[PDB]
$ cat coords34.txt   # compact mmCIF, C-alpha atoms and all ligand atoms
# COMPACT_ATOMS: atom_id res chain seq x y z
CA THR A 1 -76.78 -6.30 -14.51
CA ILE A 2 -73.86 -7.09 -12.21
CA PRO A 3 -71.16 -4.39 -11.99
CA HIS A 4 -67.71 -5.08 -13.41
CA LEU A 5 -64.76 -3.63 -11.51
CA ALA A 6 -61.06 -3.39 -12.38
CA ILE A 7 -59.89 -3.43 -8.74
CA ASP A 8 -57.17 -6.02 -8.21
CA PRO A 9 -57.66 -7.26 -4.60
CA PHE A 10 -54.26 -9.00 -4.80
CA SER A 11 -52.26 -5.91 -5.78
CA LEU A 12 -49.68 -4.40 -3.44
CA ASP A 13 -51.50 -1.05 -3.51
CA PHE A 14 -54.65 -2.81 -2.29
CA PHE A 15 -52.81 -4.64 0.51
CA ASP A 16 -51.22 -1.34 1.59
CA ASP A 17 -54.66 0.14 2.30
CA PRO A 18 -57.60 -2.12 1.42
CA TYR A 19 -60.37 -0.26 3.15
CA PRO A 20 -61.44 2.32 0.53
CA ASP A 21 -61.46 -0.35 -2.17
CA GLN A 22 -63.44 -2.67 0.12
CA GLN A 23 -66.10 0.04 0.48
CA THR A 24 -66.16 0.44 -3.31
CA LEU A 25 -66.64 -3.32 -3.65
CA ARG A 26 -69.47 -3.35 -1.11
CA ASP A 27 -71.23 -0.29 -2.47
CA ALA A 28 -71.12 -1.35 -6.11
CA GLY A 29 -73.66 -4.08 -5.40
CA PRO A 30 -74.20 -7.34 -3.51
CA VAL A 31 -72.37 -9.29 -6.24
CA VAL A 32 -69.60 -7.86 -8.42
CA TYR A 33 -67.45 -9.23 -11.24
CA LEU A 34 -63.68 -8.71 -10.98
CA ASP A 35 -62.43 -8.40 -14.55
CA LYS A 36 -58.78 -8.65 -13.50
CA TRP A 37 -59.14 -12.33 -12.58
CA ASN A 38 -62.51 -13.36 -14.10
CA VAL A 39 -64.15 -14.11 -10.74
CA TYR A 40 -67.29 -13.07 -8.92
CA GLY A 41 -66.86 -11.16 -5.68
CA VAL A 42 -68.98 -10.66 -2.58
CA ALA A 43 -67.81 -8.06 -0.04
CA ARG A 44 -70.89 -7.42 2.14
CA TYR A 45 -71.54 -9.39 5.32
CA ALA A 46 -74.85 -10.82 4.11
CA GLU A 47 -73.55 -12.40 0.89
CA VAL A 48 -70.27 -13.58 2.43
CA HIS A 49 -72.24 -15.26 5.20
CA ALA A 50 -74.67 -16.82 2.70
CA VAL A 51 -71.90 -18.24 0.51
CA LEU A 52 -70.04 -19.70 3.51
CA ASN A 53 -73.22 -21.41 4.68
CA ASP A 54 -74.15 -23.01 1.33
CA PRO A 55 -71.30 -25.49 0.76
CA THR A 56 -73.26 -27.75 -1.62
CA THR A 57 -73.48 -24.95 -4.18
CA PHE A 58 -70.31 -23.04 -3.18
CA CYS A 59 -67.90 -25.93 -2.83
CA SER A 60 -64.33 -26.16 -1.52
CA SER A 61 -63.16 -29.33 -3.31
CA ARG A 62 -62.30 -27.41 -6.49
CA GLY A 63 -59.93 -25.30 -4.38
CA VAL A 64 -60.35 -22.28 -2.09
CA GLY A 65 -57.78 -20.24 -4.00
CA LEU A 66 -58.13 -18.82 -7.48
CA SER A 67 -57.06 -22.06 -9.16
CA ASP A 68 -59.88 -24.46 -10.09
CA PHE A 69 -58.72 -28.03 -9.40
CA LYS A 70 -60.91 -29.24 -12.30
CA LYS A 71 -58.77 -27.11 -14.66
CA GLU A 72 -55.27 -27.00 -13.12
CA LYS A 73 -53.20 -29.25 -10.91
CA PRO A 74 -53.07 -28.17 -7.24
CA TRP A 75 -49.61 -27.00 -6.19
CA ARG A 76 -49.64 -29.63 -3.41
CA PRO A 77 -51.97 -32.57 -2.72
CA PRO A 78 -55.34 -31.20 -1.60
CA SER A 79 -56.01 -30.73 2.08
CA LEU A 80 -58.29 -33.50 3.36
CA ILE A 81 -60.25 -30.92 5.37
CA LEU A 82 -60.05 -27.40 3.89
CA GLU A 83 -60.30 -28.63 0.28
CA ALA A 84 -62.94 -31.33 0.84
CA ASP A 85 -66.71 -31.11 0.78
CA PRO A 86 -69.24 -33.06 2.82
CA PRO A 87 -69.48 -35.95 3.15
CA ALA A 88 -65.73 -36.61 2.68
CA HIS A 89 -65.03 -33.55 4.88
CA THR A 90 -67.09 -34.77 7.81
CA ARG A 91 -65.01 -37.45 9.51
CA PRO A 92 -61.58 -35.80 9.15
CA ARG A 93 -63.22 -32.67 10.57
CA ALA A 94 -64.53 -34.67 13.53
CA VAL A 95 -61.06 -36.06 14.20
CA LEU A 96 -59.46 -32.61 14.23
CA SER A 97 -62.28 -31.31 16.45
CA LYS A 98 -61.55 -34.07 18.96
CA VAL A 99 -57.77 -33.57 18.77
CA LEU A 100 -58.27 -29.83 19.40
CA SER A 101 -61.06 -30.39 21.90
CA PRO A 102 -62.16 -28.55 25.04
CA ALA A 103 -60.46 -31.30 27.08
CA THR A 104 -57.21 -30.74 25.21
CA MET A 105 -57.52 -27.01 25.89
CA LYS A 106 -57.98 -27.74 29.60
CA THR A 107 -54.81 -29.84 29.57
CA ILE A 108 -52.65 -27.14 27.96
CA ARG A 109 -54.11 -23.85 29.25
CA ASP A 110 -52.00 -23.39 32.38
CA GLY A 111 -48.80 -23.96 30.42
CA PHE A 112 -49.88 -21.61 27.65
CA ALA A 113 -50.69 -18.91 30.22
CA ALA A 114 -47.38 -19.34 32.06
CA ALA A 115 -45.50 -19.00 28.78
CA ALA A 116 -47.38 -15.82 27.92
CA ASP A 117 -46.65 -14.32 31.34
CA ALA A 118 -43.00 -15.33 31.05
CA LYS A 119 -42.71 -13.77 27.60
CA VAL A 120 -44.20 -10.46 28.74
CA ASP A 121 -41.90 -10.45 31.79
CA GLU A 122 -38.90 -11.03 29.51
CA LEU A 123 -39.96 -8.27 27.12
CA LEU A 124 -40.42 -5.79 29.99
CA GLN A 125 -36.77 -6.32 30.93
CA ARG A 126 -35.80 -5.13 27.44
CA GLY A 127 -38.37 -2.32 27.27
CA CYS A 128 -38.05 -1.48 23.58
CA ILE A 129 -38.96 -4.51 21.47
CA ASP A 130 -40.40 -5.48 18.10
CA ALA A 131 -43.95 -6.59 18.88
CA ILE A 132 -43.94 -8.83 15.79
CA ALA A 133 -40.68 -10.81 15.92
CA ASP A 134 -40.36 -10.64 19.70
CA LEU A 135 -43.98 -11.09 20.80
CA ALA A 136 -46.56 -11.92 18.13
CA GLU A 137 -44.21 -14.46 16.49
CA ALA A 138 -42.15 -15.53 19.49
CA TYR A 139 -45.06 -16.42 21.76
CA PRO A 140 -46.93 -18.82 19.41
CA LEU A 141 -43.58 -20.31 18.43
CA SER A 142 -42.92 -20.90 22.15
CA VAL A 143 -46.12 -22.94 22.70
CA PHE A 144 -47.64 -24.24 19.47
CA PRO A 145 -44.76 -26.32 18.01
CA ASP A 146 -44.32 -27.98 21.41
CA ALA A 147 -48.07 -28.66 21.63
CA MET A 148 -47.85 -30.22 18.15
CA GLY A 149 -45.01 -32.47 19.30
CA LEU A 150 -42.44 -31.14 16.82
CA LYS A 151 -38.73 -31.58 17.45
CA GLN A 152 -36.61 -28.49 17.97
CA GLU A 153 -34.66 -28.68 14.71
CA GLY A 154 -36.17 -27.08 11.63
CA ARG A 155 -38.86 -24.91 13.25
CA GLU A 156 -37.55 -21.95 11.23
CA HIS A 157 -39.50 -23.48 8.31
CA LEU A 158 -42.96 -23.18 9.90
CA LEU A 159 -43.76 -19.51 9.26
CA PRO A 160 -42.28 -19.61 5.72
CA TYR A 161 -44.37 -22.68 4.89
CA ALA A 162 -47.50 -20.93 6.18
CA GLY A 163 -46.68 -17.86 4.11
CA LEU A 164 -46.30 -20.08 1.04
CA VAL A 165 -49.64 -21.81 1.64
CA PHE A 166 -51.45 -18.49 1.87
CA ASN A 167 -49.64 -16.95 -1.10
CA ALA A 168 -50.56 -20.03 -3.15
CA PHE A 169 -54.29 -19.41 -2.67
CA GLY A 170 -53.81 -16.22 -4.67
CA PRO A 171 -53.70 -15.56 -8.38
CA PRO A 172 -50.54 -16.24 -10.45
CA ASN A 173 -48.81 -12.98 -9.56
CA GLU A 174 -45.25 -12.33 -8.40
CA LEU A 175 -46.02 -13.05 -4.75
CA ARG A 176 -47.28 -16.49 -5.72
CA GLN A 177 -44.53 -17.24 -8.25
CA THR A 178 -41.77 -16.32 -5.80
CA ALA A 179 -43.37 -18.30 -2.97
CA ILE A 180 -43.45 -21.47 -5.03
CA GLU A 181 -39.88 -20.88 -6.27
CA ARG A 182 -38.66 -20.74 -2.65
CA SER A 183 -40.88 -23.58 -1.43
CA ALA A 184 -38.70 -26.71 -1.63
CA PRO A 185 -36.90 -26.66 1.76
CA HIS A 186 -39.96 -25.57 3.73
CA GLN A 187 -42.17 -28.17 2.06
CA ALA A 188 -39.62 -30.93 2.63
CA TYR A 189 -39.42 -30.13 6.35
CA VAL A 190 -43.19 -29.93 6.84
CA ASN A 191 -43.98 -33.16 5.02
CA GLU A 192 -41.35 -35.10 6.97
CA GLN A 193 -42.63 -33.88 10.34
CA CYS A 194 -46.06 -35.25 9.46
CA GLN A 195 -44.88 -38.87 9.83
CA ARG A 196 -45.83 -40.64 13.04
CA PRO A 197 -42.31 -41.26 14.49
CA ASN A 198 -41.55 -37.53 14.28
CA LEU A 199 -44.39 -36.33 16.54
CA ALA A 200 -43.81 -36.48 20.29
CA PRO A 201 -46.12 -38.46 22.60
CA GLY A 202 -49.27 -36.68 23.76
CA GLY A 203 -49.12 -33.79 21.27
CA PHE A 204 -51.61 -32.83 18.57
CA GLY A 205 -49.75 -34.72 15.83
CA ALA A 206 -49.46 -37.96 17.78
CA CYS A 207 -53.14 -37.68 18.68
CA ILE A 208 -54.10 -37.43 15.00
CA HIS A 209 -52.08 -40.58 14.27
CA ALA A 210 -53.70 -42.35 17.22
CA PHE A 211 -57.15 -41.53 15.79
CA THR A 212 -56.65 -43.75 12.72
CA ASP A 213 -58.61 -46.83 13.86
CA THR A 214 -62.17 -45.60 14.49
CA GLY A 215 -63.47 -45.63 10.92
CA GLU A 216 -63.11 -41.84 10.66
CA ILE A 217 -59.64 -41.66 9.06
CA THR A 218 -57.06 -44.25 8.02
CA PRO A 219 -53.33 -44.31 8.84
CA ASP A 220 -52.43 -42.99 5.37
CA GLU A 221 -54.62 -39.89 5.94
CA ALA A 222 -52.95 -38.85 9.19
CA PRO A 223 -49.85 -37.23 7.60
CA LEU A 224 -51.97 -34.85 5.52
CA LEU A 225 -54.14 -34.01 8.55
CA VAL A 226 -51.02 -33.14 10.53
CA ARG A 227 -50.00 -31.07 7.51
CA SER A 228 -53.16 -28.97 7.95
CA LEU A 229 -52.03 -27.91 11.42
CA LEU A 230 -48.60 -27.04 9.98
CA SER A 231 -50.25 -24.99 7.21
CA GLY A 232 -53.02 -22.84 8.65
CA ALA A 233 -52.48 -22.21 12.35
CA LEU A 234 -49.31 -20.26 13.15
CA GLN A 235 -49.14 -17.26 10.82
CA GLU A 236 -52.77 -16.16 11.19
CA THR A 237 -52.56 -16.48 14.99
CA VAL A 238 -49.33 -14.47 14.92
CA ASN A 239 -51.03 -11.84 12.77
CA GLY A 240 -54.02 -11.67 15.11
CA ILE A 241 -51.87 -11.17 18.19
CA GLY A 242 -49.81 -8.57 16.33
CA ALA A 243 -52.98 -6.76 15.31
CA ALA A 244 -54.20 -6.77 18.92
CA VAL A 245 -50.94 -5.20 20.05
CA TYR A 246 -51.12 -2.63 17.24
CA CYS A 247 -54.69 -1.80 18.25
CA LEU A 248 -53.77 -1.42 21.92
CA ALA A 249 -50.97 0.95 20.92
CA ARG A 250 -53.09 2.95 18.46
CA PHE A 251 -56.18 3.02 20.74
CA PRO A 252 -54.70 3.64 24.21
CA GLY A 253 -58.16 4.11 25.69
CA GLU A 254 -58.82 0.44 25.00
CA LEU A 255 -55.62 -0.65 26.73
CA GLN A 256 -56.82 1.40 29.70
CA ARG A 257 -60.13 -0.47 29.75
CA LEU A 258 -58.39 -3.83 29.33
CA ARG A 259 -56.03 -3.07 32.22
CA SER A 260 -59.02 -2.18 34.42
CA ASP A 261 -60.69 -5.53 33.66
CA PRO A 262 -58.35 -8.27 32.42
CA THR A 263 -61.35 -10.59 31.94
CA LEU A 264 -61.88 -8.58 28.72
CA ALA A 265 -58.78 -10.30 27.27
CA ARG A 266 -60.65 -12.99 25.33
CA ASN A 267 -63.04 -10.51 23.72
CA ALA A 268 -60.22 -8.03 23.06
CA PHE A 269 -58.55 -10.73 20.99
CA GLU A 270 -61.79 -11.68 19.24
CA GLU A 271 -62.26 -8.01 18.34
CA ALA A 272 -58.72 -7.91 16.94
CA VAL A 273 -59.60 -10.91 14.74
CA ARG A 274 -62.66 -9.06 13.41
CA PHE A 275 -60.81 -5.76 13.04
CA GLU A 276 -57.70 -7.21 11.31
CA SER A 277 -59.18 -10.36 9.72
CA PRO A 278 -55.80 -12.10 9.38
CA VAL A 279 -57.32 -14.33 6.68
CA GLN A 280 -58.67 -11.68 4.32
CA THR A 281 -60.21 -13.81 1.57
CA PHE A 282 -61.18 -17.28 0.46
CA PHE A 283 -62.72 -18.58 -2.76
CA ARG A 284 -65.47 -21.09 -3.47
CA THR A 285 -66.45 -22.70 -6.79
CA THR A 286 -70.07 -23.05 -7.90
CA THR A 287 -71.26 -26.59 -8.58
CA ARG A 288 -74.50 -25.56 -10.31
CA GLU A 289 -76.33 -22.44 -11.43
CA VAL A 290 -77.31 -20.31 -8.44
CA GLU A 291 -79.03 -17.01 -7.70
CA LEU A 292 -77.11 -14.82 -5.25
CA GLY A 293 -77.76 -11.18 -4.43
CA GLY A 294 -80.21 -10.94 -7.32
CA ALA A 295 -77.59 -12.25 -9.77
CA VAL A 296 -77.50 -15.57 -11.62
CA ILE A 297 -74.10 -17.29 -11.42
CA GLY A 298 -73.39 -20.26 -13.66
CA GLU A 299 -71.70 -23.54 -12.79
CA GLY A 300 -67.94 -23.71 -12.44
CA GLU A 301 -67.41 -20.07 -11.44
CA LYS A 302 -64.99 -18.87 -8.78
CA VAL A 303 -66.53 -16.68 -6.07
CA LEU A 304 -64.17 -14.54 -3.98
CA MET A 305 -65.37 -13.85 -0.44
CA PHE A 306 -63.99 -10.74 1.28
CA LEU A 307 -63.96 -11.82 4.95
CA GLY A 308 -62.20 -8.67 6.12
CA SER A 309 -64.71 -6.49 4.26
CA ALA A 310 -67.63 -8.46 5.68
CA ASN A 311 -66.21 -7.81 9.17
CA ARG A 312 -66.23 -4.05 8.45
CA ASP A 313 -69.57 -3.81 6.63
CA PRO A 314 -71.59 -0.93 8.18
CA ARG A 315 -74.75 -2.83 7.15
CA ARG A 316 -73.87 -5.30 9.93
CA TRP A 317 -71.56 -3.46 12.37
CA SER A 318 -71.81 -0.17 14.23
CA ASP A 319 -68.63 1.88 13.79
CA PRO A 320 -66.92 -1.07 12.04
CA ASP A 321 -63.58 0.73 11.74
CA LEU A 322 -63.20 1.24 15.50
CA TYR A 323 -61.45 -1.23 17.82
CA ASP A 324 -63.91 -1.84 20.69
CA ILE A 325 -62.96 -4.52 23.22
CA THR A 326 -66.54 -4.73 24.55
CA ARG A 327 -68.15 -5.11 21.10
CA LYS A 328 -70.54 -8.01 20.64
CA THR A 329 -68.27 -9.86 18.22
CA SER A 330 -70.44 -12.96 17.77
CA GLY A 331 -71.10 -13.60 14.11
CA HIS A 332 -67.93 -12.12 12.67
CA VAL A 333 -66.46 -14.23 9.84
CA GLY A 334 -62.75 -13.91 10.71
CA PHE A 335 -62.75 -17.67 11.43
CA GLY A 336 -65.24 -18.37 8.66
CA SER A 337 -68.76 -19.66 9.22
CA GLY A 338 -70.52 -22.98 8.83
CA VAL A 339 -69.08 -26.43 8.22
CA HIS A 340 -65.49 -25.27 7.62
CA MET A 341 -65.47 -22.64 10.40
CA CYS A 342 -61.95 -22.73 11.86
CA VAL A 343 -61.50 -26.08 13.61
CA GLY A 344 -58.53 -24.62 15.49
CA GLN A 345 -60.32 -21.53 16.77
CA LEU A 346 -60.14 -22.73 20.40
CA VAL A 347 -56.35 -22.90 20.14
CA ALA A 348 -56.11 -19.46 18.53
CA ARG A 349 -58.44 -17.88 21.10
CA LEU A 350 -56.53 -19.53 23.95
CA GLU A 351 -53.18 -18.18 22.73
CA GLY A 352 -54.58 -14.71 22.05
CA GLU A 353 -56.49 -14.57 25.35
CA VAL A 354 -53.55 -15.53 27.56
CA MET A 355 -51.21 -13.10 25.82
CA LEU A 356 -53.67 -10.21 26.15
CA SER A 357 -54.23 -11.20 29.79
CA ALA A 358 -50.49 -11.01 30.48
CA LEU A 359 -50.37 -7.57 28.84
CA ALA A 360 -53.45 -6.41 30.75
CA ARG A 361 -51.90 -7.32 34.10
CA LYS A 362 -48.27 -6.38 33.45
CA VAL A 363 -48.12 -3.47 30.99
CA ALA A 364 -49.17 0.14 31.59
CA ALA A 365 -48.45 1.56 28.13
CA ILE A 366 -47.57 0.36 24.63
CA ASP A 367 -46.05 3.13 22.49
CA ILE A 368 -45.02 2.73 18.87
CA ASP A 369 -41.41 3.90 18.72
CA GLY A 370 -40.19 3.01 15.23
CA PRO A 371 -41.31 2.53 11.63
CA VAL A 372 -44.20 0.09 11.22
CA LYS A 373 -43.71 -2.31 8.29
CA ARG A 374 -46.44 -4.35 6.58
CA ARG A 375 -46.02 -7.90 5.29
CA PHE A 376 -47.61 -8.55 1.89
CA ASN A 377 -49.32 -11.88 1.23
CA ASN A 378 -52.03 -12.83 -1.26
CA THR A 379 -54.36 -13.99 1.52
CA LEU A 380 -53.02 -12.88 4.93
CA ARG A 381 -53.04 -9.39 6.40
CA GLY A 382 -50.40 -8.71 9.03
CA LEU A 383 -47.43 -6.62 10.06
CA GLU A 384 -43.78 -7.44 9.43
CA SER A 385 -42.43 -5.17 12.21
CA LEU A 386 -44.00 -3.18 15.06
CA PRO A 387 -41.38 -1.39 17.20
CA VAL A 388 -42.89 -0.57 20.59
CA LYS A 389 -41.78 0.56 24.01
CA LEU A 390 -43.51 -1.35 26.82
CA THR A 391 -43.95 0.46 30.14
CA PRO A 392 -44.44 -1.82 33.17
CA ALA A 393 -47.51 -1.47 35.35
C1 LIG B 1 -56.48 -15.99 14.50
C2 LIG B 1 -56.12 -17.21 14.08
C3 LIG B 1 -56.88 -17.96 12.96
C4 LIG B 1 -57.64 -17.46 11.99
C5 LIG B 1 -57.99 -15.98 11.71
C6 LIG B 1 -58.14 -18.58 11.21
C7 LIG B 1 -58.96 -18.51 10.10
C8 LIG B 1 -59.61 -19.58 9.50
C9 LIG B 1 -60.69 -19.51 8.54
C10 LIG B 1 -61.27 -18.20 7.99
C11 LIG B 1 -61.05 -20.75 8.21
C12 LIG B 1 -62.19 -21.15 7.23
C13 LIG B 1 -61.69 -21.71 5.92
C14 LIG B 1 -62.80 -21.81 4.89
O1 LIG B 1 -63.98 -21.45 5.18
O2 LIG B 1 -62.49 -22.25 3.75
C15 LIG B 1 -60.23 -21.67 8.96
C16 LIG B 1 -60.25 -23.04 8.88
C17 LIG B 1 -59.31 -23.87 9.48
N1 LIG B 1 -58.40 -23.51 10.45
FE1 LIG B 1 -58.09 -21.64 11.18
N2 LIG B 1 -57.62 -19.74 11.74
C18 LIG B 1 -56.85 -19.40 12.83
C19 LIG B 1 -56.18 -20.28 13.65
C20 LIG B 1 -56.10 -21.64 13.47
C21 LIG B 1 -55.40 -22.57 14.33
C22 LIG B 1 -54.63 -22.15 15.59
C23 LIG B 1 -55.53 -23.80 13.79
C24 LIG B 1 -54.99 -25.15 14.30
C25 LIG B 1 -54.66 -25.38 15.57
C26 LIG B 1 -56.34 -23.68 12.60
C27 LIG B 1 -56.69 -24.72 11.76
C28 LIG B 1 -57.67 -24.64 10.79
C29 LIG B 1 -58.13 -25.73 9.97
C30 LIG B 1 -57.56 -27.16 10.02
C31 LIG B 1 -59.13 -25.27 9.19
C32 LIG B 1 -59.94 -26.07 8.15
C33 LIG B 1 -61.31 -26.40 8.77
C34 LIG B 1 -62.25 -27.05 7.80
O3 LIG B 1 -61.99 -26.97 6.57
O4 LIG B 1 -63.26 -27.66 8.27
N3 LIG B 1 -56.66 -22.35 12.43
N4 LIG B 1 -59.35 -20.92 9.74
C1 LIG B 2 -57.54 -21.16 6.97
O1 LIG B 2 -56.33 -21.48 6.31
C2 LIG B 2 -56.01 -22.82 6.12
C3 LIG B 2 -54.92 -23.12 5.32
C4 LIG B 2 -54.59 -24.45 5.11
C5 LIG B 2 -55.34 -25.47 5.72
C6 LIG B 2 -54.99 -26.93 5.46
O2 LIG B 2 -53.91 -27.15 4.89
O3 LIG B 2 -55.86 -27.79 5.75
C7 LIG B 2 -56.41 -25.15 6.52
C8 LIG B 2 -56.76 -23.82 6.74
CL CL B 3 -46.67 -28.63 0.25
MG MG B 4 -37.65 -13.23 -8.44

$ encode --input "coords34.txt" --output "structure tokens" --more "lines below"
Ligand code: HEM
Ligand SMILES: COc1ccc(C(=O)O)cc1
Ligand SMILES: [Cl-]
Ligand SMILES: [Mg+2]
Amino acid sequence: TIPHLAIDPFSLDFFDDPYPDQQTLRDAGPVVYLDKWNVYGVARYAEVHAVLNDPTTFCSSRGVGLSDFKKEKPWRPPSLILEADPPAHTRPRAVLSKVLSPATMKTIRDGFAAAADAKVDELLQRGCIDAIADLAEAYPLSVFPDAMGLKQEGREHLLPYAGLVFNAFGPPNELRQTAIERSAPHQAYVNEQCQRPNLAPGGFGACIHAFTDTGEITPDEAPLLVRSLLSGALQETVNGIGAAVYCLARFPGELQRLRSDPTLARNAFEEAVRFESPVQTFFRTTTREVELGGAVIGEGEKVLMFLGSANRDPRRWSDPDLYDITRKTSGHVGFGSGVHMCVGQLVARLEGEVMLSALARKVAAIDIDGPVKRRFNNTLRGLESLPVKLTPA
């Protein structure tokens, strides 16, 4: 009844151009079976949204990568937030929501905006830059580690650790094997920075440790909650900013609109998140037999959700493959949906907004002027290198 496909969504050919295969996955049916990895797949907006919003049946505590924690040992101790279900999920989630709160955003916004303006001014002095290393990576590295309270030494481990985390959600392919082989120094750095003395006063990490006396989390849970912010924050934000820059270079008409109204910056970044979907996929594991898309799925089955595909499903979006900075983006699943929907989305949107604002006010043209190189990762979509010339306004 359900169609079986041989597409490997973790193959390098797929990462190089996923969009035809994503249409094949959507058009084969609401629920497919991926024979390569023995998992169910859902690639249409409707089923992805449904799975995300039914956490009791489609749980996260057996892992959100291919590996089922009831069958195999997790490669690192489970996240207390991403890899927990309600009710254990609820109070750690509340702590992170309060650490990354609207009030925190109000405290840090002016500094984040000044750093974005300064970065764009610096890049305009050079003219020809790499929009990944010099902009998409450099800007978040110039604000987020400081906002965390991390010391200067060792920050070169942050992006590699993130890459490892996201490769480890994938199947046991070469990308995953090599990531875990290289993991020791990055893991050692990250775990040590999670301890209370190593997080500067007033930053996100110190605030997590200060939140250990309310009955929501205990002191021994704070290191792993800091670890979450050192796992899934930087690389996907970098990839989203890089995708926004790529889109503004490839769609110059949209840079022209953004220049004419810099208040479009926040939505231009949200649209880049939908269009690129830096986090392409996550898994859930069924806890009981369930009907989904007319199919019956048994207990203990992995279900692969194609977030990027759901964000390009023509059943839900008009002209899904176009970058449109005035699109009504509400409802996209680039940050997930439901109880696990990105707790750090306010930070990501702040960083993306203020960078696109700086570009909107300061840059007249963004022209690709060298070979564009893609970075392969089992879960993240993003560029390795984006050579551009920036023309000042
Ligand atoms: C464009 C940038 C970002 C993207 C695309 C993104 C994507 C996502 C997605 C799709 C989820 C849902 C996971 C699931 O349903 O299993 C999520 C959760 C999460 N994100 Fe983000 N994220 C971004 C930035 C950030 C930032 C900046 C932070 C921290 C400051 C952060 C921290 C987290 C955490 C801790 C969770 C787990 C929430 C939970 O399980 O309740 N993310 N993110
Ligand atoms: C969305 O990606 C992630 C990855 C890791 C974590 C975590 O380690 O808690 C959270 C979100
Ligand atoms: Cl680890
Ligand atoms: Mg090797």

$ residues_near_ligand --input "coords34.txt" --ligand "ligand MG 4 (chain B)" --cutoff "8 Å" --atoms "all atoms listed in the file" --output "PyMOL selection string"
chain A and resi 174+177-178

$ write_last_selection --input "coords34.txt" --atoms "C-alpha atoms" --output "PDB file, in the coordinates of the input"
ATOM      1  CA  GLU A 174     -45.250 -12.330  -8.400  1.00  0.00           C
ATOM      2  CA  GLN A 177     -44.530 -17.240  -8.250  1.00  0.00           C
ATOM      3  CA  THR A 178     -41.770 -16.320  -5.800  1.00  0.00           C
TER       4      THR A 178
END

$ closest_residue --input "coords34.txt" --among "A:136, A:386, A:322, A:393" --to "ligand LIG 1 (chain B)" --atoms "all atoms listed in the file"
A:136

$ closest_residue --input "coords34.txt" --among "A:245, A:224, A:168, A:51" --to "residue A:365" --atoms "all atoms listed in the file"
A:245

$ closest_residue --input "coords34.txt" --among "A:221, A:192, A:47, A:181" --to "residue A:154" --atoms "only C-alpha atoms"
A:192

$ residues_around --input "coords34.txt" --residues "stretch 21-37 of chain A" --least-positions-apart "6" --cutoff "6 Å" --atoms "all atoms listed in the file" --output "compact mmCIF listing (two decimals) with C-alpha atoms, in the frame of the given file"
# COMPACT_ATOMS: atom_id res chain seq x y z
CA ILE A 2 -73.86 -7.09 -12.21
CA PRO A 3 -71.16 -4.39 -11.99
CA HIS A 4 -67.71 -5.08 -13.41
CA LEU A 5 -64.76 -3.63 -11.51
CA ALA A 6 -61.06 -3.39 -12.38
CA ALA A 43 -67.81 -8.06 -0.04
CA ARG A 44 -70.89 -7.42 2.14
CA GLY A 293 -77.76 -11.18 -4.43
CA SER A 309 -64.71 -6.49 4.26

$ residues_near_point --input "coords34.txt" --point "(-69.9, -27.1, 1.8)" --cutoff "12 Å" --atoms "only C-alpha atoms" --output "tab-separated table (two decimals) with C-alpha atoms, in the coordinates of the input"
chain	number	residue	atom	x	y	z
A	50	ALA	CA	-74.67	-16.82	2.70
A	51	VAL	CA	-71.90	-18.24	0.51
A	52	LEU	CA	-70.04	-19.70	3.51
A	53	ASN	CA	-73.22	-21.41	4.68
A	54	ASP	CA	-74.15	-23.01	1.33
A	55	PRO	CA	-71.30	-25.49	0.76
A	56	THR	CA	-73.26	-27.75	-1.62
A	57	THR	CA	-73.48	-24.95	-4.18
A	58	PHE	CA	-70.31	-23.04	-3.18
A	59	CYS	CA	-67.90	-25.93	-2.83
A	60	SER	CA	-64.33	-26.16	-1.52
A	61	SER	CA	-63.16	-29.33	-3.31
A	62	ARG	CA	-62.30	-27.41	-6.49
A	63	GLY	CA	-59.93	-25.30	-4.38
A	64	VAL	CA	-60.35	-22.28	-2.09
A	81	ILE	CA	-60.25	-30.92	5.37
A	82	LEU	CA	-60.05	-27.40	3.89
A	83	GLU	CA	-60.30	-28.63	0.28
A	84	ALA	CA	-62.94	-31.33	0.84
A	85	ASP	CA	-66.71	-31.11	0.78
A	86	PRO	CA	-69.24	-33.06	2.82
A	87	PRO	CA	-69.48	-35.95	3.15
A	88	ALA	CA	-65.73	-36.61	2.68
A	89	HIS	CA	-65.03	-33.55	4.88
A	90	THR	CA	-67.09	-34.77	7.81
A	284	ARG	CA	-65.47	-21.09	-3.47
A	285	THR	CA	-66.45	-22.70	-6.79
A	286	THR	CA	-70.07	-23.05	-7.90
A	287	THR	CA	-71.26	-26.59	-8.58
A	337	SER	CA	-68.76	-19.66	9.22
A	338	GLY	CA	-70.52	-22.98	8.83
A	339	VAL	CA	-69.08	-26.43	8.22
A	340	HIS	CA	-65.49	-25.27	7.62
A	341	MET	CA	-65.47	-22.64	10.40

$ residues_near_ligand --input "coords34.txt" --ligand "ligand LIG 1 (chain B)" --cutoff "8 Å" --atoms "all atoms listed in the file" --output "PyMOL selection string"
chain A and resi 52+60+64+81-84+89+93+96+100+225+228-241+273+277-284+307+333-349+352

$ atom_distance --input "coords34.txt" --atom1 "atom CA of residue A:269" --atom2 "atom CA of residue A:384"
19.0 Å

$ closest_residue --input "coords34.txt" --among "A:157, A:49, A:209, A:119" --to "ligand CL 3 (chain B)" --atoms "all atoms listed in the file"
A:157

$ closest_residue --input "coords34.txt" --among "A:46, A:255, A:272, A:132" --to "residue A:374" --atoms "all atoms listed in the file"
A:132

$ atom_distance --input "coords34.txt" --atom1 "atom CA of residue A:16" --atom2 "atom CA of residue A:176"
17.3 Å
